[PDB]
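Coordinates as given in start_21.cif (mmCIF, N, CA and C atoms):
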data_entry
loop_
_atom_site.label_atom_id
_atom_site.label_comp_id
_atom_site.auth_asym_id
_atom_site.auth_seq_id
_atom_site.Cartn_x
_atom_site.Cartn_y
_atom_site.Cartn_z
N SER T 1 -33.27 6.78 -17.14
CA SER T 1 -33.34 8.01 -17.90
C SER T 1 -32.17 8.92 -17.53
N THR T 2 -31.85 8.94 -16.25
CA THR T 2 -30.76 9.76 -15.75
C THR T 2 -29.64 8.88 -15.19
N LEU T 3 -28.49 8.95 -15.83
CA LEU T 3 -27.35 8.16 -15.41
C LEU T 3 -26.73 8.80 -14.17
N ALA T 4 -26.53 7.97 -13.15
CA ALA T 4 -25.95 8.44 -11.91
C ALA T 4 -25.11 7.32 -11.29
N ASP T 5 -24.01 7.72 -10.68
CA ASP T 5 -23.12 6.76 -10.04
C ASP T 5 -22.52 7.38 -8.78
N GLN T 6 -22.12 6.51 -7.86
CA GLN T 6 -21.54 6.96 -6.61
C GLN T 6 -20.70 5.84 -5.99
N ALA T 7 -19.67 6.26 -5.25
CA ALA T 7 -18.79 5.31 -4.60
C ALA T 7 -17.71 6.07 -3.83
N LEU T 8 -18.16 6.83 -2.84
CA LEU T 8 -17.25 7.61 -2.02
C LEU T 8 -17.29 7.10 -0.58
N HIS T 9 -16.26 7.45 0.17
CA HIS T 9 -16.17 7.03 1.56
C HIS T 9 -15.52 5.65 1.64
N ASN T 10 -15.10 5.30 2.84
CA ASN T 10 -14.46 4.01 3.06
C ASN T 10 -15.20 2.94 2.26
N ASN T 11 -14.41 2.14 1.54
CA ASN T 11 -14.98 1.08 0.72
C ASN T 11 -13.98 -0.07 0.64
N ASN T 12 -12.89 0.17 -0.07
CA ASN T 12 -11.85 -0.83 -0.23
C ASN T 12 -10.69 -0.24 -1.03
N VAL T 13 -9.49 -0.68 -0.68
CA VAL T 13 -8.29 -0.20 -1.36
C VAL T 13 -7.70 -1.34 -2.19
N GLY T 14 -7.03 -0.95 -3.27
CA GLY T 14 -6.41 -1.93 -4.15
C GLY T 14 -5.14 -1.36 -4.78
N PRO T 15 -4.07 -1.28 -3.95
CA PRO T 15 -2.79 -0.76 -4.42
C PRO T 15 -2.08 -1.79 -5.31
N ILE T 16 -1.73 -1.34 -6.51
CA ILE T 16 -1.05 -2.20 -7.46
C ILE T 16 0.37 -1.68 -7.68
N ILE T 17 1.33 -2.55 -7.42
CA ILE T 17 2.73 -2.19 -7.58
C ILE T 17 3.50 -3.39 -8.14
N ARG T 18 4.77 -3.15 -8.43
CA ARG T 18 5.62 -4.20 -8.96
C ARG T 18 6.23 -5.03 -7.83
N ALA T 19 6.84 -6.14 -8.21
CA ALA T 19 7.46 -7.02 -7.23
C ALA T 19 8.96 -6.76 -7.20
N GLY T 20 9.53 -6.88 -6.01
CA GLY T 20 10.95 -6.66 -5.83
C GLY T 20 11.65 -7.94 -5.36
N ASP T 21 11.58 -8.17 -4.05
CA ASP T 21 12.19 -9.34 -3.46
C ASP T 21 11.95 -9.34 -1.96
N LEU T 22 11.56 -10.50 -1.45
CA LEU T 22 11.29 -10.64 -0.03
C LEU T 22 10.07 -9.81 0.35
N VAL T 23 9.29 -9.47 -0.67
CA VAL T 23 8.09 -8.68 -0.46
C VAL T 23 6.98 -9.58 0.08
N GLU T 24 7.21 -10.88 -0.02
CA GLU T 24 6.24 -11.85 0.46
C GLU T 24 6.23 -11.88 1.99
N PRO T 25 7.42 -12.19 2.56
CA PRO T 25 7.57 -12.27 4.00
C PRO T 25 7.59 -10.87 4.62
N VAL T 26 7.72 -9.87 3.76
CA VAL T 26 7.76 -8.49 4.20
C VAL T 26 6.34 -7.95 4.28
N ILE T 27 5.56 -8.24 3.25
CA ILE T 27 4.18 -7.79 3.19
C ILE T 27 3.38 -8.47 4.30
N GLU T 28 3.67 -9.75 4.50
CA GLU T 28 2.99 -10.52 5.52
C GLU T 28 3.33 -9.99 6.91
N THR T 29 4.61 -9.71 7.10
CA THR T 29 5.09 -9.19 8.37
C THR T 29 4.62 -7.75 8.57
N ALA T 30 4.45 -7.06 7.45
CA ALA T 30 4.01 -5.67 7.49
C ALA T 30 2.50 -5.63 7.73
N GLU T 31 1.86 -6.78 7.54
CA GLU T 31 0.43 -6.88 7.74
C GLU T 31 0.11 -7.17 9.21
N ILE T 32 0.97 -7.98 9.81
CA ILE T 32 0.80 -8.35 11.20
C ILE T 32 1.04 -7.12 12.09
N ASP T 33 1.95 -6.28 11.63
CA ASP T 33 2.29 -5.07 12.36
C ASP T 33 1.05 -4.18 12.46
N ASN T 34 0.16 -4.35 11.49
CA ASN T 34 -1.07 -3.58 11.46
C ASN T 34 -2.26 -4.49 11.78
N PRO T 35 -3.29 -3.89 12.42
CA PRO T 35 -4.49 -4.63 12.78
C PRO T 35 -5.36 -4.90 11.55
N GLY T 36 -4.73 -5.48 10.54
CA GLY T 36 -5.44 -5.80 9.31
C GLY T 36 -5.92 -7.25 9.31
N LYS T 37 -6.79 -7.55 10.27
CA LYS T 37 -7.33 -8.89 10.40
C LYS T 37 -8.52 -9.04 9.45
N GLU T 38 -8.30 -8.61 8.21
CA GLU T 38 -9.34 -8.70 7.20
C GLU T 38 -8.85 -8.11 5.88
N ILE T 39 -7.65 -8.53 5.50
CA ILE T 39 -7.05 -8.05 4.26
C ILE T 39 -6.64 -9.25 3.40
N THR T 40 -6.68 -9.05 2.09
CA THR T 40 -6.32 -10.10 1.16
C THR T 40 -5.19 -9.63 0.24
N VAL T 41 -4.08 -10.35 0.30
CA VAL T 41 -2.93 -10.02 -0.51
C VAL T 41 -2.89 -10.94 -1.73
N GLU T 42 -2.44 -10.38 -2.84
CA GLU T 42 -2.35 -11.14 -4.08
C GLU T 42 -0.99 -10.92 -4.74
N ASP T 43 0.03 -11.52 -4.15
CA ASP T 43 1.38 -11.40 -4.67
C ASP T 43 1.69 -12.59 -5.57
N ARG T 44 1.71 -12.33 -6.87
CA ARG T 44 1.99 -13.36 -7.85
C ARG T 44 3.50 -13.60 -7.95
N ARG T 45 4.22 -12.53 -8.27
CA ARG T 45 5.66 -12.61 -8.40
C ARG T 45 6.18 -11.42 -9.20
N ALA T 46 5.52 -11.16 -10.33
CA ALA T 46 5.91 -10.05 -11.18
C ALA T 46 5.40 -8.74 -10.58
N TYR T 47 4.24 -8.83 -9.96
CA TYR T 47 3.63 -7.66 -9.34
C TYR T 47 3.14 -7.99 -7.93
N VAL T 48 2.78 -6.93 -7.20
CA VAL T 48 2.29 -7.09 -5.85
C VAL T 48 1.00 -6.30 -5.68
N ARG T 49 -0.08 -7.03 -5.43
CA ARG T 49 -1.38 -6.41 -5.25
C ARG T 49 -1.89 -6.65 -3.83
N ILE T 50 -2.65 -5.68 -3.34
CA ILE T 50 -3.20 -5.77 -2.00
C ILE T 50 -4.67 -5.33 -2.02
N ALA T 51 -5.39 -5.74 -0.98
CA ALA T 51 -6.80 -5.40 -0.88
C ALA T 51 -7.19 -5.33 0.60
N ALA T 52 -7.63 -4.16 1.01
CA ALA T 52 -8.04 -3.95 2.39
C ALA T 52 -9.46 -3.39 2.42
N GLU T 53 -9.93 -3.10 3.63
CA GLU T 53 -11.27 -2.57 3.80
C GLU T 53 -11.36 -1.17 3.19
N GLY T 54 -10.23 -0.49 3.15
CA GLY T 54 -10.17 0.85 2.60
C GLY T 54 -9.25 1.75 3.43
N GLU T 55 -8.90 1.25 4.61
CA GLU T 55 -8.03 2.00 5.50
C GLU T 55 -6.82 1.15 5.90
N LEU T 56 -5.64 1.70 5.65
CA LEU T 56 -4.41 1.01 5.98
C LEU T 56 -3.38 2.02 6.48
N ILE T 57 -2.45 1.52 7.28
CA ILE T 57 -1.40 2.36 7.84
C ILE T 57 -0.16 1.52 8.10
N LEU T 58 0.95 1.96 7.52
CA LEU T 58 2.21 1.26 7.68
C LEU T 58 3.25 2.21 8.28
N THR T 59 4.15 1.63 9.06
CA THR T 59 5.20 2.42 9.70
C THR T 59 6.54 1.68 9.62
N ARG T 60 6.55 0.62 8.82
CA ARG T 60 7.76 -0.17 8.65
C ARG T 60 8.63 0.43 7.54
N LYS T 61 8.76 1.75 7.59
CA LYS T 61 9.57 2.45 6.61
C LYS T 61 11.02 1.99 6.71
N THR T 62 11.34 1.39 7.86
CA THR T 62 12.68 0.90 8.10
C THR T 62 12.91 -0.41 7.35
N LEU T 63 11.84 -1.18 7.22
CA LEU T 63 11.91 -2.46 6.53
C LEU T 63 11.99 -2.22 5.03
N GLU T 64 11.23 -1.23 4.57
CA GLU T 64 11.21 -0.89 3.16
C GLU T 64 12.50 -0.16 2.77
N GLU T 65 13.00 0.62 3.72
CA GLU T 65 14.22 1.38 3.49
C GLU T 65 15.44 0.45 3.53
N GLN T 66 15.36 -0.52 4.42
CA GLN T 66 16.44 -1.48 4.58
C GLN T 66 16.56 -2.36 3.33
N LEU T 67 15.42 -2.88 2.90
CA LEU T 67 15.38 -3.73 1.72
C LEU T 67 16.21 -3.09 0.61
N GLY T 68 16.32 -1.78 0.68
CA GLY T 68 17.08 -1.04 -0.31
C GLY T 68 17.57 0.30 0.25
N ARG T 69 18.44 0.20 1.24
CA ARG T 69 18.99 1.39 1.88
C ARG T 69 19.62 2.30 0.83
N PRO T 70 20.38 1.67 -0.11
CA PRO T 70 21.04 2.41 -1.16
C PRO T 70 20.04 2.87 -2.22
N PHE T 71 19.12 3.72 -1.80
CA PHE T 71 18.09 4.23 -2.70
C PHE T 71 17.51 5.54 -2.17
N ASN T 72 16.31 5.85 -2.63
CA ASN T 72 15.63 7.06 -2.22
C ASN T 72 14.12 6.86 -2.31
N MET T 73 13.39 7.95 -2.12
CA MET T 73 11.94 7.90 -2.18
C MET T 73 11.45 7.97 -3.63
N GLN T 74 12.35 8.37 -4.51
CA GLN T 74 12.02 8.48 -5.92
C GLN T 74 11.71 7.10 -6.50
N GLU T 75 12.54 6.14 -6.14
CA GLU T 75 12.37 4.78 -6.61
C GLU T 75 11.00 4.24 -6.20
N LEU T 76 10.50 4.77 -5.09
CA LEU T 76 9.21 4.36 -4.57
C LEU T 76 8.11 4.80 -5.54
N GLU T 77 8.12 6.09 -5.85
CA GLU T 77 7.14 6.65 -6.75
C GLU T 77 7.33 6.08 -8.16
N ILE T 78 8.50 5.52 -8.38
CA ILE T 78 8.82 4.93 -9.67
C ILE T 78 8.44 3.45 -9.67
N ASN T 79 8.69 2.81 -8.54
CA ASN T 79 8.38 1.40 -8.39
C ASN T 79 6.89 1.24 -8.06
N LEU T 80 6.07 1.41 -9.08
CA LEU T 80 4.63 1.29 -8.91
C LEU T 80 4.00 0.91 -10.25
N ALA T 81 2.74 0.48 -10.17
CA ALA T 81 2.01 0.08 -11.37
C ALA T 81 0.71 0.87 -11.45
N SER T 82 -0.11 0.71 -10.43
CA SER T 82 -1.39 1.40 -10.37
C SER T 82 -1.86 1.52 -8.92
N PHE T 83 -3.13 1.88 -8.77
CA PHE T 83 -3.71 2.03 -7.45
C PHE T 83 -5.23 2.17 -7.53
N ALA T 84 -5.88 1.82 -6.43
CA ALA T 84 -7.33 1.90 -6.37
C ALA T 84 -7.74 3.09 -5.50
N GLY T 85 -6.81 3.50 -4.64
CA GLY T 85 -7.06 4.62 -3.75
C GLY T 85 -5.88 5.60 -3.77
N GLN T 86 -5.71 6.29 -2.65
CA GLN T 86 -4.63 7.25 -2.53
C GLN T 86 -3.59 6.77 -1.52
N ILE T 87 -2.42 7.38 -1.58
CA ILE T 87 -1.34 7.02 -0.68
C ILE T 87 -0.77 8.29 -0.04
N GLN T 88 -0.31 8.13 1.19
CA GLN T 88 0.26 9.25 1.92
C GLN T 88 1.44 8.78 2.78
N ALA T 89 2.36 9.70 3.02
CA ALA T 89 3.54 9.40 3.82
C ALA T 89 3.69 10.45 4.92
N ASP T 90 4.13 9.99 6.07
CA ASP T 90 4.32 10.88 7.21
C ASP T 90 5.81 10.98 7.53
N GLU T 91 6.11 11.67 8.62
CA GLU T 91 7.49 11.85 9.04
C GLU T 91 8.33 10.64 8.61
N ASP T 92 7.92 9.48 9.09
CA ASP T 92 8.63 8.25 8.77
C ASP T 92 7.64 7.09 8.74
N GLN T 93 6.67 7.20 7.84
CA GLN T 93 5.66 6.17 7.70
C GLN T 93 4.86 6.39 6.41
N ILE T 94 4.10 5.36 6.05
CA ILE T 94 3.29 5.43 4.85
C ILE T 94 1.93 4.78 5.12
N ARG T 95 0.88 5.51 4.76
CA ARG T 95 -0.47 5.02 4.97
C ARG T 95 -1.23 4.97 3.63
N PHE T 96 -2.15 4.03 3.54
CA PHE T 96 -2.95 3.87 2.34
C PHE T 96 -4.44 3.93 2.65
N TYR T 97 -5.19 4.51 1.72
CA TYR T 97 -6.63 4.64 1.89
C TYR T 97 -7.31 4.99 0.57
N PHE T 98 -8.54 4.52 0.42
CA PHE T 98 -9.30 4.78 -0.79
C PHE T 98 -10.32 5.89 -0.56
N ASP T 99 -10.18 6.56 0.57
CA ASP T 99 -11.08 7.65 0.92
C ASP T 99 -10.65 8.91 0.16
N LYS T 100 -11.64 9.55 -0.46
CA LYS T 100 -11.38 10.76 -1.22
C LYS T 100 -11.32 11.95 -0.26
N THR T 101 -12.44 12.66 -0.17
CA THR T 101 -12.52 13.82 0.70
C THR T 101 -12.38 13.40 2.16
N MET T 102 -11.56 14.15 2.89
CA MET T 102 -11.33 13.86 4.30
C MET T 102 -12.03 14.89 5.19
#
Give the structure from this file in structure tokens form.
Amino acid sequence: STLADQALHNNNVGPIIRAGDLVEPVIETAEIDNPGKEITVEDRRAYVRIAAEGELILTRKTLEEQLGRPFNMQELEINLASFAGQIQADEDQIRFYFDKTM
């Protein structure tokens, strides 16, 4: 009779972006750098999809910056497709999470 839905708090993240190059050995290496012993990556080729518990944190801004030193942060916000959660960047790092209210 009454429609109701809910899905807040840690659940799972699903960042959808495009594919560049060497994102395979980069994503894998970027995964080992993080204690993500329970994440599933789905890199086809044209795009790059990821799936975690809902909490992720990356600091390999040097690897991402190196892959394309001759660029900026604009290309980052441009080089994307979709997302399941939110994204944040720190001094020199980028973290992902599907958590809404903090």
Original post:
So which bits of chain T end up strand (DSSP E) when you DSSP the backbone, as number ranges by chain?
Top reply: T: 16-18, 40-43, 47-51, 55-58, 86-90, 93-97
Subject >> Residue list (helix (DSSP H, G or I), DSSP) for chain T, as number ranges by chain >> reply: T: 23-32, 61-66, 74-78
Subject >> Expected selection from the PyMOL selection byres ((chain T and resi 83) around 5), given as JSON, numbers by chain >> reply: {"T": [14, 15, 16, 81, 82, 84, 85]}
**OP:** For the file shown, report as JSON, numbers by chain the outcome of the PyMOL selection byres ((chain T and resi 40) around 6) at residue level.
**Re:** {"T": [38, 39, 41, 42, 50, 51, 52]}
Padding of 6 Å on every side, edges along x, y and z, all listed atoms of range 20-37 of chain T included: what centre and edge lengths in Å, to one decimal, does that box have, as lines of an AutoDock Vina configuration file?
center_x = 1.8
center_y = -7.9
center_z = 3.4
size_x = 32.7
size_y = 20.7
size_z = 30.8
**OP:** Have a look at T:33, T:5, T:92, T:43 and name the one nearest to residue 62 in chain T; count all atoms listed in the file.
**Re:**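 Residue with the minimum atom-to-atom distance to residue 62 in chain T: T:92.
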Subject >> Who sits within 10 Å of range 67-76 of chain T, only C-alpha atoms, same chain under 3 positions skipped, as a VMD selection string >> reply: chain T and resid 17 20 to 23 26 61 to 64 79 to 80
Subject >> Test item: residues at most 5 Å from residue 54 in chain T, all atoms listed in the file, excluding those fewer than 5 positions along its chain, as JSON, numbers by chain >> reply: {"T": [11, 12, 13, 97, 98]}
**OP:** Could you tell me how far CA of residue 18 in chain T lies from CA of residue 77 in chain T, in Å and to one decimal?
**Re:**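 Computing the Euclidean distance for CA of residue 18 in chain T and CA of residue 77 in chain T yields 11.2 Å.
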**OP:** Please check which residues have atoms at most 10 Å from (4.6, 6.8, 2.8) in the file's coordinates, counting only C-alpha atoms, and write them as a PyMOL selection string.
**Re:** chain T and resi 57-61+73+76-77+87-96
Original post:
In Å to one decimal, how far is CA of residue 99 in chain T from CA of residue 28 in chain T?
Top reply: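 Between these atoms lies a distance of 23.4 Å.
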Original post:
Closest to residue 24 in chain T among T:56, T:78, T:46, T:1, using only C-alpha atoms?
Top reply: T:46
Subject >> d(atom N of residue 8 in chain T, atom C of residue 102 in chain T) in Å >> reply: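 Going from atom N of residue 8 in chain T over to atom C of residue 102 in chain T covers 12.9 Å.
Counting only C-alpha atoms and comparing T:27, T:66, T:34, T:101, the residue that lies closest to residue 48 in chain T is T:27.
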